[PDB]
Amino acid sequence: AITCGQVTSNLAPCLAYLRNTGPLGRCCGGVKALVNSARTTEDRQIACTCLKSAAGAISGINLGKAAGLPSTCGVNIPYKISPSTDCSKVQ
């Protein structure tokens, strides 16, 4: 089943980039994998909420880099990675 636990494991390098402190490293590769588990409508919603939660979990989180993370790691996700956009209503 889909779960934030699996999603946050791939974010390990992103979590550091989100805080404007550690390099992206494999953040793009991790997210790239998630994208595939983030396009069947619900899989997508699970990732959005998990990521939103991930950003909210980070302490010195940079909202601009979070929202611009998928732009930095060019990926085909139809939602921005930020604790603000809702995903449950994404069709």
# chains A, B, ... in the order shown; residues from 1 in each chain; ligands from 1

call {"tool": "residues_around", "arguments": {"residues": "range 68-82 of chain A", "least_positions_apart": "3", "cutoff": "10 Å", "atoms": "only C-alpha atoms", "output": "PDB file with C-alpha atoms, in the first residue's frame"}}
result
ATOM      1  CA  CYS A  14      15.633  16.415  -0.370  1.00  0.00           C
ATOM      2  CA  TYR A  17      18.018  20.533   0.518  1.00  0.00           C
ATOM      3  CA  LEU A  18      14.629  21.695   1.871  1.00  0.00           C
ATOM      4  CA  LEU A  24      20.406  17.845  -3.402  1.00  0.00           C
ATOM      5  CA  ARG A  26      20.003  12.066  -5.042  1.00  0.00           C
ATOM      6  CA  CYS A  27      16.957  14.294  -4.300  1.00  0.00           C
ATOM      7  CA  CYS A  28      16.077  14.374  -8.002  1.00  0.00           C
ATOM      8  CA  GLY A  29      16.574  10.592  -8.341  1.00  0.00           C
ATOM      9  CA  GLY A  30      14.459   9.967  -5.234  1.00  0.00           C
ATOM     10  CA  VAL A  31      11.684  12.294  -6.429  1.00  0.00           C
ATOM     11  CA  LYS A  32      11.901  10.881  -9.982  1.00  0.00           C
ATOM     12  CA  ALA A  33      11.024   7.481  -8.453  1.00  0.00           C
ATOM     13  CA  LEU A  34       8.185   8.985  -6.412  1.00  0.00           C
ATOM     14  CA  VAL A  35       6.717  10.615  -9.563  1.00  0.00           C
ATOM     15  CA  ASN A  36       5.890   7.105 -10.856  1.00  0.00           C
ATOM     16  CA  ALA A  38       2.648   9.883  -7.800  1.00  0.00           C
ATOM     17  CA  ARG A  39       0.504   9.794 -10.991  1.00  0.00           C
ATOM     18  CA  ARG A  44      -0.384  11.299  -6.309  1.00  0.00           C
ATOM     19  CA  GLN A  45      -2.552  12.578  -3.441  1.00  0.00           C
ATOM     20  CA  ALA A  47       2.652  11.747  -2.102  1.00  0.00           C
ATOM     21  CA  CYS A  48       1.383  15.359  -2.017  1.00  0.00           C
ATOM     22  CA  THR A  49       0.162  15.045   1.601  1.00  0.00           C
ATOM     23  CA  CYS A  50       3.299  13.138   2.618  1.00  0.00           C
ATOM     24  CA  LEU A  51       5.546  15.767   1.057  1.00  0.00           C
ATOM     25  CA  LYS A  52       3.515  18.629   2.520  1.00  0.00           C
ATOM     26  CA  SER A  53       3.958  16.827   5.837  1.00  0.00           C
ATOM     27  CA  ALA A  54       7.695  16.319   5.123  1.00  0.00           C
ATOM     28  CA  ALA A  55       8.166  20.065   4.527  1.00  0.00           C
ATOM     29  CA  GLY A  56       6.163  20.797   7.703  1.00  0.00           C
ATOM     30  CA  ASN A  62      12.827  27.063   2.976  1.00  0.00           C
ATOM     31  CA  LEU A  63       9.301  27.413   1.524  1.00  0.00           C
ATOM     32  CA  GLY A  64      10.532  28.785  -1.825  1.00  0.00           C
ATOM     33  CA  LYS A  65      12.970  25.891  -2.356  1.00  0.00           C
ATOM     34  CA  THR A  85      -1.683  23.716  -1.856  1.00  0.00           C
ATOM     35  CA  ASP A  86      -4.445  21.145  -1.205  1.00  0.00           C
ATOM     36  CA  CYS A  87      -4.078  17.836  -3.088  1.00  0.00           C
ATOM     37  CA  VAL A  90      -6.831  17.237  -7.534  1.00  0.00           C
ATOM     38  CA  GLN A  91      -8.612  15.481 -10.464  1.00  0.00           C
TER      39      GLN A  91
END

call {"tool": "select_by_dssp", "arguments": {"residues": "range 21-89 of chain A", "states": "alpha helix (DSSP H)", "output": "MDAnalysis selection string"}}
result
chainID A and resid 27:36 42:57 63:72

call {"tool": "atom_distance", "arguments": {"atom1": "CA of residue 41 in chain A", "atom2": "CA of residue 88 in chain A"}}
result
9.4 Å

call {"tool": "residues_around", "arguments": {"residues": "residue 60 in chain A", "least_positions_apart": "2", "cutoff": "8 Å", "atoms": "only C-alpha atoms", "output": "VMD selection string"}}
result
chain A and resid 19 to 20 58 62

call {"tool": "atom_distance", "arguments": {"atom1": "CA of residue 89 in chain A", "atom2": "CA of residue 16 in chain A"}}
result
29.0 Å

call {"tool": "atom_distance", "arguments": {"atom1": "CA of residue 59 in chain A", "atom2": "CA of residue 21 in chain A"}}
result
11.4 Å

call {"tool": "closest_residue", "arguments": {"among": "A:42, A:37, A:22, A:66", "to": "residue 7 in chain A", "atoms": "only C-alpha atoms"}}
result
A:37
